[PDB]
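Coordinates as given in entry-v4.txt (compact mmCIF, C-alpha atoms and all ligand atoms):
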```txt
# COMPACT_ATOMS: atom_id res chain seq x y z
CA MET I 1 8.65 22.28 7.23
CA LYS I 2 6.45 20.85 9.97
CA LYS I 3 7.23 18.02 12.35
CA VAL I 4 4.92 15.55 14.07
CA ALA I 5 5.54 13.22 16.98
CA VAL I 6 3.56 9.99 17.07
CA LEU I 7 3.80 8.48 20.54
CA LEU I 8 4.02 4.67 20.72
CA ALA I 9 3.49 3.14 24.16
CA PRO I 10 3.21 -0.62 24.73
CA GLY I 11 -0.03 -1.79 23.17
CA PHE I 12 -0.62 1.11 20.79
CA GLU I 13 -3.23 0.49 18.16
CA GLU I 14 -0.94 0.09 15.17
CA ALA I 15 -3.60 0.69 12.51
CA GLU I 16 -4.52 4.16 13.72
CA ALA I 17 -0.91 5.22 14.15
CA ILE I 18 0.38 3.64 10.90
CA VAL I 19 -2.26 5.07 8.62
CA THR I 20 -1.84 8.55 10.13
CA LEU I 21 1.87 8.19 9.74
CA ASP I 22 1.59 6.85 6.19
CA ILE I 23 -0.52 9.88 5.23
CA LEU I 24 1.80 12.46 6.83
CA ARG I 25 4.85 10.87 5.21
CA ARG I 26 3.23 10.81 1.74
CA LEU I 27 3.02 14.60 2.14
CA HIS I 28 6.68 14.78 3.15
CA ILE I 29 5.74 16.14 6.55
CA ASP I 30 8.52 15.18 8.99
CA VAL I 31 7.26 12.48 11.35
CA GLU I 32 9.08 10.88 14.27
CA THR I 33 7.72 7.86 16.04
CA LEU I 34 8.61 8.11 19.74
CA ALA I 35 8.75 5.06 21.98
CA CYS I 36 7.36 5.93 25.34
CA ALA I 37 9.53 3.21 26.73
CA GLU I 38 13.12 2.39 27.65
CA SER I 39 14.02 1.30 24.12
CA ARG I 40 12.89 1.94 20.55
CA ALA I 41 11.27 -1.47 20.43
CA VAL I 42 7.55 -1.31 21.10
CA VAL I 43 4.92 -3.98 20.37
CA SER I 44 1.42 -2.95 19.22
CA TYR I 45 -2.05 -4.13 20.37
CA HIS I 46 -2.19 -6.71 17.63
CA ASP I 47 1.34 -8.02 18.38
CA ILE I 48 3.50 -6.28 15.82
CA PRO I 49 6.93 -5.34 17.16
CA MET I 50 8.14 -2.09 15.55
CA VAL I 51 11.17 0.14 15.97
CA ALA I 52 10.46 3.73 16.76
CA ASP I 53 12.60 6.47 15.22
CA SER I 54 13.51 7.58 18.66
CA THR I 55 12.50 7.25 22.32
CA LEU I 56 10.60 9.94 24.09
CA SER I 57 13.42 10.81 26.57
CA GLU I 58 15.71 11.45 23.60
CA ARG I 59 13.20 14.09 22.42
CA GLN I 60 11.82 15.43 25.71
CA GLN I 61 13.06 18.96 24.88
CA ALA I 62 11.92 19.01 21.24
CA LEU I 63 8.90 21.08 20.27
CA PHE I 64 6.76 19.39 17.58
CA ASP I 65 4.01 21.09 15.58
CA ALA I 66 1.67 18.20 16.35
CA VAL I 67 1.50 15.30 18.71
CA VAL I 68 -0.47 12.20 17.74
CA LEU I 69 -1.78 10.00 20.49
CA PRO I 70 -3.08 6.66 19.21
CA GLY I 71 -5.43 4.41 21.16
CA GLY I 72 -5.58 0.79 22.02
CA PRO I 73 -6.78 -0.30 25.47
CA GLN I 74 -3.36 -0.93 27.02
CA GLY I 75 -1.71 1.64 24.77
CA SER I 76 -3.71 4.57 25.99
CA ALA I 77 -3.57 3.34 29.61
CA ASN I 78 0.23 3.10 29.32
CA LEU I 79 0.43 6.59 27.84
CA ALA I 80 -1.69 7.91 30.72
CA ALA I 81 0.54 6.31 33.38
CA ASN I 82 3.71 7.75 32.00
CA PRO I 83 4.80 11.07 33.58
CA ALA I 84 6.98 11.98 30.63
CA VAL I 85 4.01 11.62 28.25
CA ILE I 86 1.84 13.84 30.44
CA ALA I 87 4.62 16.48 30.57
CA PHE I 88 5.27 16.26 26.81
CA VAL I 89 1.57 16.73 26.04
CA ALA I 90 1.10 19.49 28.63
CA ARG I 91 4.09 21.50 27.33
CA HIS I 92 2.96 21.15 23.68
CA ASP I 93 -0.62 22.03 24.66
CA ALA I 94 0.55 25.18 26.50
CA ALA I 95 2.68 26.15 23.50
CA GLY I 96 -0.46 25.92 21.31
CA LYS I 97 0.80 22.91 19.34
CA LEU I 98 -1.66 20.41 17.92
CA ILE I 99 -2.70 17.62 20.27
CA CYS I 100 -4.20 14.87 18.25
CA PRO I 101 -5.79 11.95 20.15
CA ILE I 102 -7.56 9.18 18.29
CA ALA I 103 -10.09 6.57 19.52
CA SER I 104 -9.60 5.88 23.24
CA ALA I 105 -6.77 8.37 23.78
CA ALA I 106 -8.84 11.56 24.23
CA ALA I 107 -10.72 9.95 27.10
CA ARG I 108 -7.98 7.81 28.71
CA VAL I 109 -5.01 10.13 28.28
CA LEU I 110 -6.43 13.64 28.25
CA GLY I 111 -9.80 13.31 29.91
CA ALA I 112 -8.76 11.09 32.78
CA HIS I 113 -6.14 13.66 33.66
CA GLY I 114 -8.36 16.68 33.33
CA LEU I 115 -6.34 18.01 30.39
CA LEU I 116 -9.29 18.43 27.96
CA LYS I 117 -9.92 21.74 29.68
CA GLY I 118 -13.59 21.93 28.66
CA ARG I 119 -12.82 21.41 24.99
CA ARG I 120 -14.95 19.57 22.49
CA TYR I 121 -13.57 16.16 21.55
CA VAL I 122 -14.61 12.77 20.28
CA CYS I 123 -13.38 9.35 21.39
CA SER I 124 -14.37 5.74 20.88
CA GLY I 125 -17.18 3.78 22.55
CA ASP I 126 -18.83 5.25 25.63
CA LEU I 127 -15.53 6.22 27.30
CA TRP I 128 -16.89 9.79 27.27
CA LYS I 129 -19.35 8.97 30.13
CA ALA I 130 -16.50 8.79 32.62
CA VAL I 131 -14.87 12.10 31.45
CA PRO I 132 -16.27 14.95 33.54
CA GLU I 133 -14.54 18.02 31.98
CA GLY I 134 -14.79 17.86 28.17
CA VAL I 135 -17.57 18.20 25.64
CA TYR I 136 -18.05 14.91 23.86
CA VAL I 137 -19.18 15.44 20.25
CA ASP I 138 -20.21 12.46 18.11
CA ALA I 139 -18.45 13.21 14.83
CA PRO I 140 -15.70 11.52 12.83
CA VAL I 141 -13.25 14.34 13.65
CA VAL I 142 -13.54 17.17 16.12
CA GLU I 143 -11.42 20.30 16.09
CA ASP I 144 -11.43 22.70 19.05
CA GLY I 145 -8.52 25.16 19.09
CA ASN I 146 -5.36 23.07 19.05
CA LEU I 147 -7.17 19.82 19.94
CA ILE I 148 -7.92 17.58 16.93
CA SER I 149 -9.54 14.29 17.95
CA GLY I 150 -10.51 11.30 15.81
CA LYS I 151 -13.38 9.05 16.66
CA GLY I 152 -11.95 5.63 15.81
CA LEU I 153 -10.06 3.55 13.28
CA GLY I 154 -12.89 3.62 10.69
CA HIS I 155 -12.37 7.41 10.48
CA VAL I 156 -8.52 7.45 10.44
CA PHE I 157 -8.25 8.83 6.92
CA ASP I 158 -10.51 11.77 7.83
CA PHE I 159 -8.45 12.29 10.96
CA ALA I 160 -5.12 12.12 9.14
CA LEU I 161 -6.27 14.22 6.22
CA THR I 162 -7.62 16.86 8.59
CA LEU I 163 -4.40 16.93 10.55
CA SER I 164 -2.38 17.18 7.36
CA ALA I 165 -4.39 20.00 5.82
CA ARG I 166 -4.16 21.95 9.04
CA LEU I 167 -0.37 21.46 9.26
CA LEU I 168 0.24 22.39 5.66
CA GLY I 169 -2.33 25.21 5.57
CA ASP I 170 -3.10 24.25 1.96
CA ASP I 171 -5.61 21.56 0.90
CA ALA I 172 -4.28 21.09 -2.58
CA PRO I 173 -1.36 18.82 -1.68
CA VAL I 174 -3.64 16.88 0.65
CA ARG I 175 -6.30 16.30 -1.99
CA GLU I 176 -3.61 15.22 -4.49
CA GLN I 177 -2.45 12.51 -2.07
CA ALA I 178 -6.01 11.52 -1.25
CA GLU I 179 -6.71 11.06 -4.97
CA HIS I 180 -3.49 9.09 -5.38
CA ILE I 181 -4.77 6.53 -2.86
CA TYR I 182 -8.42 6.59 -4.03
CA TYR I 183 -9.82 8.23 -0.91
CA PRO I 184 -12.45 10.94 -1.54
CA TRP I 185 -11.40 14.34 -0.05
CA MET Q 1 -10.04 -21.39 12.66
CA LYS Q 2 -8.64 -19.84 9.48
CA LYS Q 3 -4.98 -18.86 8.80
CA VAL Q 4 -3.67 -15.95 6.74
CA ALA Q 5 -0.07 -15.23 5.62
CA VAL Q 6 0.88 -11.59 4.97
CA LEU Q 7 4.06 -11.38 2.92
CA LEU Q 8 6.42 -8.60 3.90
CA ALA Q 9 9.19 -7.70 1.44
CA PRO Q 10 11.52 -4.68 1.89
CA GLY Q 11 9.49 -1.62 0.99
CA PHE Q 12 6.07 -3.19 1.64
CA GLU Q 13 3.28 -0.65 1.97
CA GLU Q 14 2.74 -0.69 5.72
CA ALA Q 15 -0.66 0.94 5.80
CA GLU Q 16 -2.10 -1.66 3.38
CA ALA Q 17 -0.60 -4.57 5.27
CA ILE Q 18 -1.25 -3.27 8.77
CA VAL Q 19 -4.95 -2.36 8.28
CA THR Q 20 -5.56 -5.81 6.76
CA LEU Q 21 -3.76 -7.48 9.60
CA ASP Q 22 -5.63 -5.43 12.20
CA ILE Q 23 -9.04 -6.29 10.70
CA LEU Q 24 -8.23 -10.00 10.43
CA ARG Q 25 -6.92 -10.14 13.99
CA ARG Q 26 -9.96 -8.26 15.38
CA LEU Q 27 -12.01 -11.19 14.02
CA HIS Q 28 -9.63 -13.65 15.70
CA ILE Q 29 -8.55 -14.95 12.27
CA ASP Q 30 -4.99 -16.34 12.69
CA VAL Q 31 -2.46 -14.08 10.95
CA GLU Q 32 1.27 -14.72 10.35
CA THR Q 33 3.46 -12.00 8.90
CA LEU Q 34 6.16 -13.64 6.80
CA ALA Q 35 9.34 -11.96 5.63
CA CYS Q 36 10.60 -13.22 2.29
CA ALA Q 37 14.34 -13.60 2.46
CA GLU Q 38 16.86 -14.15 5.30
CA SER Q 39 15.66 -11.58 7.84
CA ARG Q 40 12.71 -11.17 10.22
CA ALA Q 41 13.12 -7.41 10.55
CA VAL Q 42 11.72 -5.68 7.47
CA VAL Q 43 11.54 -1.98 6.72
CA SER Q 44 8.33 -0.69 5.08
CA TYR Q 45 7.86 1.81 2.23
CA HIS Q 46 7.37 4.66 4.72
CA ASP Q 47 10.33 3.54 6.85
CA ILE Q 48 8.77 1.57 9.65
CA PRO Q 49 10.79 -1.39 10.73
CA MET Q 50 8.74 -4.36 11.80
CA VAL Q 51 9.56 -7.79 13.00
CA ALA Q 52 7.69 -10.45 10.97
CA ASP Q 53 6.28 -13.45 12.81
CA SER Q 54 8.35 -15.78 10.66
CA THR Q 55 9.86 -16.26 7.21
CA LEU Q 56 8.87 -17.90 3.99
CA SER Q 57 11.80 -20.27 4.42
CA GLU Q 58 10.10 -21.74 7.54
CA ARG Q 59 6.74 -22.20 5.80
CA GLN Q 60 7.46 -24.06 2.61
CA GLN Q 61 4.97 -26.91 3.28
CA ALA Q 62 2.53 -24.75 5.25
CA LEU Q 63 -0.75 -24.13 3.56
CA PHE Q 64 -2.57 -20.98 4.55
CA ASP Q 65 -6.21 -20.26 3.72
CA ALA Q 66 -5.19 -16.88 2.36
CA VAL Q 67 -2.06 -15.06 1.22
CA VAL Q 68 -2.05 -11.27 1.33
CA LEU Q 69 0.31 -9.51 -1.07
CA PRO Q 70 0.76 -5.86 -0.04
CA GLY Q 71 1.89 -3.20 -2.49
CA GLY Q 72 4.52 -0.50 -2.28
CA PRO Q 73 6.72 0.25 -5.30
CA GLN Q 74 9.79 -1.59 -4.01
CA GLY Q 75 7.70 -3.99 -1.98
CA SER Q 76 5.95 -5.39 -4.99
CA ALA Q 77 9.17 -5.37 -7.09
CA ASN Q 78 10.95 -7.26 -4.31
CA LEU Q 79 8.09 -9.81 -4.04
CA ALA Q 80 8.19 -10.32 -7.83
CA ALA Q 81 11.98 -10.85 -7.91
CA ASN Q 82 11.88 -13.59 -5.29
CA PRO Q 83 11.47 -17.19 -6.44
CA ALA Q 84 10.41 -18.37 -3.00
CA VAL Q 85 7.53 -15.89 -3.24
CA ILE Q 86 6.55 -17.13 -6.70
CA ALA Q 87 6.63 -20.78 -5.46
CA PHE Q 88 4.63 -19.97 -2.33
CA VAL Q 89 1.95 -18.12 -4.26
CA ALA Q 90 1.81 -20.69 -7.08
CA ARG Q 91 1.33 -23.57 -4.69
CA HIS Q 92 -1.44 -21.83 -2.75
CA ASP Q 93 -3.09 -20.78 -5.97
CA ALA Q 94 -3.12 -24.35 -7.33
CA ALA Q 95 -4.65 -25.61 -4.06
CA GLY Q 96 -7.55 -23.11 -4.43
CA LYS Q 97 -6.41 -20.91 -1.49
CA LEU Q 98 -7.15 -17.18 -1.55
CA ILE Q 99 -4.56 -14.93 -3.25
CA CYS Q 100 -5.11 -11.41 -2.12
CA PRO Q 101 -3.06 -8.68 -3.76
CA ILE Q 102 -3.55 -5.04 -3.10
CA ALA Q 103 -2.56 -1.91 -5.01
CA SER Q 104 0.51 -2.48 -7.25
CA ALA Q 105 0.84 -6.19 -6.32
CA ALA Q 106 -1.60 -7.73 -8.81
CA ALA Q 107 0.21 -6.12 -11.75
CA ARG Q 108 3.78 -6.36 -10.40
CA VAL Q 109 3.71 -9.77 -8.78
CA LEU Q 110 1.04 -11.84 -10.53
CA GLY Q 111 0.62 -10.04 -13.88
CA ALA Q 112 4.33 -9.42 -14.44
CA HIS Q 113 4.77 -13.22 -14.21
CA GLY Q 114 1.75 -14.27 -16.24
CA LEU Q 115 0.04 -15.77 -13.18
CA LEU Q 116 -3.34 -14.00 -13.38
CA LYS Q 117 -4.76 -16.90 -15.45
CA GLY Q 118 -7.09 -14.60 -17.37
CA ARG Q 119 -8.74 -13.57 -14.09
CA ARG Q 120 -10.48 -10.31 -13.30
CA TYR Q 121 -8.41 -8.09 -10.99
CA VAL Q 122 -7.73 -4.50 -9.98
CA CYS Q 123 -4.51 -2.74 -9.18
CA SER Q 124 -3.38 0.85 -8.57
CA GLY Q 125 -2.76 3.51 -11.23
CA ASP Q 126 -2.28 2.56 -14.90
CA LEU Q 127 -0.04 -0.51 -14.20
CA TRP Q 128 -2.70 -2.77 -15.75
CA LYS Q 129 -1.72 -1.29 -19.16
CA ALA Q 130 1.56 -3.28 -19.14
CA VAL Q 131 -0.16 -6.46 -17.88
CA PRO Q 132 -0.63 -8.76 -20.84
CA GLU Q 133 -2.97 -11.58 -19.62
CA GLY Q 134 -5.46 -10.45 -16.96
CA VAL Q 135 -8.76 -8.59 -17.15
CA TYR Q 136 -8.52 -5.22 -15.39
CA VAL Q 137 -11.73 -4.10 -13.65
CA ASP Q 138 -11.88 -0.67 -12.03
CA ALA Q 139 -13.51 -1.43 -8.69
CA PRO Q 140 -12.47 -1.02 -5.02
CA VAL Q 141 -12.37 -4.77 -4.58
CA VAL Q 142 -12.59 -7.41 -7.33
CA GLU Q 143 -13.29 -11.09 -6.69
CA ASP Q 144 -12.78 -13.85 -9.20
CA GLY Q 145 -12.54 -17.40 -7.90
CA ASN Q 146 -9.78 -17.54 -5.29
CA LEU Q 147 -8.29 -14.15 -6.38
CA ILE Q 148 -9.39 -11.21 -4.24
CA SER Q 149 -7.72 -7.93 -5.25
CA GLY Q 150 -7.83 -4.48 -3.69
CA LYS Q 151 -7.38 -1.30 -5.67
CA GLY Q 152 -5.34 0.76 -3.23
CA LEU Q 153 -4.93 2.14 0.29
CA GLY Q 154 -8.13 4.17 0.17
CA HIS Q 155 -10.05 0.93 -0.20
CA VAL Q 156 -8.14 -1.21 2.29
CA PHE Q 157 -11.02 -1.56 4.77
CA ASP Q 158 -13.30 -2.86 2.04
CA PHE Q 159 -10.54 -5.26 0.91
CA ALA Q 160 -9.89 -6.51 4.44
CA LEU Q 161 -13.58 -6.90 5.39
CA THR Q 162 -14.32 -8.71 2.11
CA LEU Q 163 -11.39 -11.05 2.57
CA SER Q 164 -12.51 -11.69 6.16
CA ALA Q 165 -16.11 -12.37 5.20
CA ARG Q 166 -14.95 -14.82 2.57
CA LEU Q 167 -12.66 -16.60 5.11
CA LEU Q 168 -15.45 -16.72 7.72
CA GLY Q 169 -18.22 -17.64 5.22
CA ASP Q 170 -20.46 -15.18 7.04
CA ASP Q 171 -20.86 -11.39 6.85
CA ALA Q 172 -22.43 -10.93 10.31
CA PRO Q 173 -19.33 -11.01 12.50
CA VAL Q 174 -17.58 -8.89 9.85
CA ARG Q 175 -20.29 -6.21 9.64
CA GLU Q 176 -20.30 -6.22 13.43
CA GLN Q 177 -16.56 -5.41 13.56
CA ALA Q 178 -16.97 -2.76 10.87
CA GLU Q 179 -19.72 -1.28 13.04
CA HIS Q 180 -17.43 -1.44 16.14
CA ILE Q 181 -14.70 0.63 14.36
CA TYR Q 182 -17.25 2.91 12.65
CA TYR Q 183 -16.62 1.83 9.06
CA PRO Q 184 -19.74 1.67 6.83
CA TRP Q 185 -19.72 -1.80 5.16
ZN ZN I 201 2.84 3.84 3.71
ZN ZN I 202 -4.75 -3.24 15.50
```

Please render this file's structure as structure tokens.
Amino acid sequence: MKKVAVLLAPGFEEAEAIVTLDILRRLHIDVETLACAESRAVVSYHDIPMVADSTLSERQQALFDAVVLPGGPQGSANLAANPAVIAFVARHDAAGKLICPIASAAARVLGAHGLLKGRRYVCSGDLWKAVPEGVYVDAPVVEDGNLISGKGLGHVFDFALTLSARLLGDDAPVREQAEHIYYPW
Amino acid sequence: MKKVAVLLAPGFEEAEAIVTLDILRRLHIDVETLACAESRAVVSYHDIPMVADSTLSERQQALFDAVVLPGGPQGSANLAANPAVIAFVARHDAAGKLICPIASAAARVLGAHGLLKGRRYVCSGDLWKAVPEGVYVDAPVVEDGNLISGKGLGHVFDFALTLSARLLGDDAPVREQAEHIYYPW
């Protein structure tokens, strides 16, 4: 049984994170929200205070099968400024685990730190212009090795369904859930 | 400037509620999350604890332009079992404000109490079969007077954008936000 870490820094885009999480948890994939903060309390971009399942320092050693990095302007900036987040991503990336940025995160967290490593990715807006060492691809979801990036909130179901199918290695459960919620997949 | 109340009972479907809240707040529509009993912290269907902006008990004479009723199996059962919820919805309904159920909530909250008033509505699954006095329509989003219903999570963007457009009395800013997040609408 697979486990996924969704990192929640101050200002995380709650919609991107919550839908992805909702989808993973419908499939009974183990998901842990991790506050990239002192405490489990973290407030999203649109002002929703939530309680993470754990903080990131409580799970610094743990090795997840995927790491989800939501966007939000301040969220992805706060992720990028946090040394523990950079280490957690870099260690998962070097272990071949799935690194899953959505919207601004691929550019602000990975790209800005030269962690894209020449890989194809998508991100939101024109943030790609300022990223020198990745291949921006304009698609809803982009998969390159263990990097799975999602373009923006409008494509979160595609992103989450792609992640899920890849984790499970079997589409059939994923399609069943997609049909349960009336999303074509 | 318009005001929307999102009711949050224990077990509320977080993805339904959070996407709607995100869309509304992107359009600078005022949103207040309201918990329904004695607590501001509320735990969603997929186990995310969130702090509501306020409670129903603090809003008994407040009159919102819309009331969102999220689904979730326990969420909608807990809304339906709560007389403060029934009073809040009935009052808004009688003042012509928008009543906006999604997924199970039209059947479980309005239909299970005979409050559909013969109106056209949609809900998830086959729950409409036990609903004695509404008219079930199988569409993503159904509108009939001040009742705007959403079929399920797969159609939440359509539900949220439609609600927003109705609140704003103008599609243009809505379509523009849908474009900004890459959702075809
Ligand atoms: Zn959910
Ligand atoms: Zn948001």

Please superimpose chain Q on chain I using every C-alpha atom, paired by order, in a least-squares fit, and write the moved chain as a short mmCIF file (atom, residue, chain, number, x, y, z; two decimals) with C-alpha atoms, in the coordinates of the input.
```
data_model
loop_
_atom_site.label_atom_id
_atom_site.label_comp_id
_atom_site.auth_asym_id
_atom_site.auth_seq_id
_atom_site.Cartn_x
_atom_site.Cartn_y
_atom_site.Cartn_z
CA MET Q 1 8.75 21.89 6.91
CA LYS Q 2 6.49 20.65 9.70
CA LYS Q 3 7.32 17.97 12.34
CA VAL Q 4 4.99 15.43 13.93
CA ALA Q 5 5.65 13.10 16.91
CA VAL Q 6 3.66 9.85 17.08
CA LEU Q 7 3.78 8.38 20.57
CA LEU Q 8 4.05 4.62 20.72
CA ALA Q 9 3.31 2.94 24.06
CA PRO Q 10 3.08 -0.87 24.51
CA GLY Q 11 -0.24 -1.92 23.05
CA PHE Q 12 -0.64 1.09 20.73
CA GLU Q 13 -3.24 0.58 18.03
CA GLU Q 14 -1.01 0.01 15.02
CA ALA Q 15 -3.57 0.62 12.32
CA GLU Q 16 -4.44 4.07 13.75
CA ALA Q 17 -0.81 5.07 14.12
CA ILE Q 18 0.45 3.56 10.88
CA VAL Q 19 -2.24 5.05 8.57
CA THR Q 20 -1.62 8.48 10.12
CA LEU Q 21 2.10 8.10 9.70
CA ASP Q 22 1.73 6.91 6.11
CA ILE Q 23 -0.49 9.88 5.15
CA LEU Q 24 1.82 12.41 6.81
CA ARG Q 25 4.90 10.93 5.18
CA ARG Q 26 3.25 10.82 1.72
CA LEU Q 27 2.96 14.62 2.08
CA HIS Q 28 6.64 14.82 3.07
CA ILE Q 29 5.64 16.06 6.54
CA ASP Q 30 8.48 15.05 8.93
CA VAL Q 31 7.33 12.26 11.26
CA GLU Q 32 9.16 10.80 14.30
CA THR Q 33 7.78 7.77 16.08
CA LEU Q 34 8.66 8.05 19.76
CA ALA Q 35 8.54 5.21 22.26
CA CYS Q 36 7.66 6.30 25.78
CA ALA Q 37 9.86 4.45 28.21
CA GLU Q 38 13.31 2.78 27.98
CA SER Q 39 12.95 0.81 24.74
CA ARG Q 40 12.81 1.58 21.01
CA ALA Q 41 11.13 -1.70 20.09
CA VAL Q 42 7.43 -1.54 20.93
CA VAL Q 43 4.78 -4.18 20.41
CA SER Q 44 1.36 -2.99 19.14
CA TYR Q 45 -2.15 -4.01 20.23
CA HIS Q 46 -2.35 -6.59 17.42
CA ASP Q 47 1.17 -7.89 18.13
CA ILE Q 48 3.34 -6.12 15.61
CA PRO Q 49 6.72 -5.19 16.92
CA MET Q 50 8.06 -1.94 15.56
CA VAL Q 51 11.18 0.01 16.11
CA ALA Q 52 10.39 3.66 17.00
CA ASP Q 53 12.58 6.38 15.52
CA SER Q 54 13.50 7.57 18.99
CA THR Q 55 12.24 7.93 22.56
CA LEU Q 56 10.54 10.56 24.61
CA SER Q 57 13.62 10.68 26.83
CA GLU Q 58 15.65 12.04 23.86
CA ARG Q 59 13.07 14.72 23.01
CA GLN Q 60 12.37 16.55 26.22
CA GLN Q 61 13.16 20.05 24.82
CA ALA Q 62 12.03 19.24 21.28
CA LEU Q 63 8.92 21.01 20.17
CA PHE Q 64 6.90 19.31 17.48
CA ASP Q 65 4.13 21.00 15.49
CA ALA Q 66 1.85 18.08 16.28
CA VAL Q 67 1.65 15.15 18.69
CA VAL Q 68 -0.39 12.12 17.66
CA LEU Q 69 -1.78 9.98 20.47
CA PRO Q 70 -2.92 6.60 19.11
CA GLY Q 71 -5.46 4.45 20.93
CA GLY Q 72 -5.51 0.78 21.83
CA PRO Q 73 -6.83 -0.32 25.23
CA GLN Q 74 -3.41 -0.91 26.79
CA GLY Q 75 -1.77 1.67 24.58
CA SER Q 76 -3.85 4.49 25.92
CA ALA Q 77 -3.64 3.17 29.53
CA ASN Q 78 0.15 2.99 29.19
CA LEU Q 79 0.32 6.55 27.77
CA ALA Q 80 -1.85 7.81 30.66
CA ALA Q 81 0.29 6.11 33.33
CA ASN Q 82 3.50 7.70 32.10
CA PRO Q 83 4.55 11.05 33.55
CA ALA Q 84 6.95 11.75 30.71
CA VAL Q 85 3.97 11.47 28.36
CA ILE Q 86 1.88 13.84 30.49
CA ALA Q 87 4.78 16.38 30.58
CA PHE Q 88 5.40 16.11 26.84
CA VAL Q 89 1.75 16.63 25.99
CA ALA Q 90 1.25 19.41 28.55
CA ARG Q 91 4.20 21.38 27.26
CA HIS Q 92 3.12 21.10 23.62
CA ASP Q 93 -0.42 21.98 24.56
CA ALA Q 94 0.66 25.15 26.41
CA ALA Q 95 2.76 26.22 23.40
CA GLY Q 96 -0.33 25.97 21.13
CA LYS Q 97 0.95 22.88 19.23
CA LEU Q 98 -1.54 20.36 17.85
CA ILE Q 99 -2.63 17.54 20.19
CA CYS Q 100 -4.13 14.79 18.14
CA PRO Q 101 -5.71 11.88 19.96
CA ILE Q 102 -7.56 9.12 18.25
CA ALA Q 103 -10.07 6.55 19.47
CA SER Q 104 -9.70 5.81 23.22
CA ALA Q 105 -6.84 8.33 23.71
CA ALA Q 106 -8.85 11.52 24.27
CA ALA Q 107 -10.79 9.94 27.14
CA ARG Q 108 -7.97 7.79 28.59
CA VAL Q 109 -5.03 10.13 28.25
CA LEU Q 110 -6.36 13.69 28.26
CA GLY Q 111 -9.80 13.31 29.91
CA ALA Q 112 -8.65 10.87 32.59
CA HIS Q 113 -6.16 13.56 33.68
CA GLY Q 114 -8.42 16.59 33.40
CA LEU Q 115 -6.42 18.00 30.48
CA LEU Q 116 -9.23 18.55 27.96
CA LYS Q 117 -9.69 22.15 29.23
CA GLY Q 118 -13.41 22.11 28.48
CA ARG Q 119 -12.65 21.43 24.81
CA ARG Q 120 -14.82 19.65 22.28
CA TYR Q 121 -13.50 16.17 21.44
CA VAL Q 122 -14.50 12.71 20.26
CA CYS Q 123 -13.34 9.31 21.36
CA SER Q 124 -14.38 5.69 20.77
CA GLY Q 125 -17.31 3.88 22.40
CA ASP Q 126 -18.97 5.24 25.56
CA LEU Q 127 -15.67 6.24 27.31
CA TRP Q 128 -16.76 9.90 27.23
CA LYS Q 129 -19.35 9.00 29.93
CA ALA Q 130 -16.58 8.71 32.57
CA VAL Q 131 -14.83 11.89 31.34
CA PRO Q 132 -15.74 14.69 33.72
CA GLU Q 133 -14.52 17.94 32.02
CA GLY Q 134 -14.64 17.81 28.21
CA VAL Q 135 -17.46 18.25 25.71
CA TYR Q 136 -18.06 15.03 23.77
CA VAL Q 137 -19.15 15.53 20.14
CA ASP Q 138 -20.07 12.52 18.03
CA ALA Q 139 -18.25 13.23 14.78
CA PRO Q 140 -15.54 11.44 12.75
CA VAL Q 141 -13.10 14.24 13.44
CA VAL Q 142 -13.55 17.11 15.92
CA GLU Q 143 -11.42 20.26 15.93
CA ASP Q 144 -11.28 22.75 18.75
CA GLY Q 145 -8.32 25.11 18.88
CA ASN Q 146 -5.13 23.03 18.87
CA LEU Q 147 -7.00 19.78 19.77
CA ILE Q 148 -7.78 17.56 16.78
CA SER Q 149 -9.45 14.27 17.77
CA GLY Q 150 -10.40 11.23 15.72
CA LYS Q 151 -13.26 8.94 16.62
CA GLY Q 152 -11.78 5.58 15.71
CA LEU Q 153 -10.02 3.41 13.13
CA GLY Q 154 -12.84 3.64 10.60
CA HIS Q 155 -12.23 7.37 10.42
CA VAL Q 156 -8.43 7.38 10.44
CA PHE Q 157 -8.04 8.69 6.88
CA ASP Q 158 -10.26 11.66 7.65
CA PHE Q 159 -8.28 12.27 10.87
CA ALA Q 160 -4.93 12.04 9.10
CA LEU Q 161 -5.93 14.20 6.10
CA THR Q 162 -7.45 16.84 8.40
CA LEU Q 163 -4.37 16.92 10.59
CA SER Q 164 -2.20 17.19 7.46
CA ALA Q 165 -4.26 19.99 5.95
CA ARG Q 166 -4.05 21.91 9.20
CA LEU Q 167 -0.23 21.41 9.35
CA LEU Q 168 0.17 22.45 5.69
CA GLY Q 169 -2.36 25.34 5.88
CA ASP Q 170 -3.65 24.22 2.50
CA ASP Q 171 -6.10 21.50 1.41
CA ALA Q 172 -4.85 21.19 -2.19
CA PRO Q 173 -1.81 18.97 -1.69
CA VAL Q 174 -3.87 16.95 0.80
CA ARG Q 175 -6.86 16.41 -1.50
CA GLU Q 176 -4.36 15.51 -4.20
CA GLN Q 177 -2.85 12.73 -2.04
CA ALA Q 178 -6.32 11.52 -1.06
CA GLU Q 179 -7.09 11.38 -4.79
CA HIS Q 180 -3.80 9.47 -5.45
CA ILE Q 181 -4.77 6.72 -2.91
CA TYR Q 182 -8.45 6.77 -3.94
CA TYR Q 183 -9.91 8.13 -0.70
CA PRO Q 184 -12.85 10.56 -1.13
CA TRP Q 185 -12.01 13.69 0.95
#
```

Check: which chain Q residues lie within 8 Å of chain I using all atoms listed in the file, as an NGL selection string: :Q and (14-15 or 18-19 or 22 or 25 or 46 or 48-52 or 152-155 or 178 or 181-183)

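The space separating atom CA of residue 159 of chain Q from atom CA of residue 105 of chain I comes to 26.9 Å.
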
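Shortest separation to residue 91 of chain I among I:27, I:63, I:135, I:130 occurs at residue I:63, atoms counted being all atoms listed in the file.
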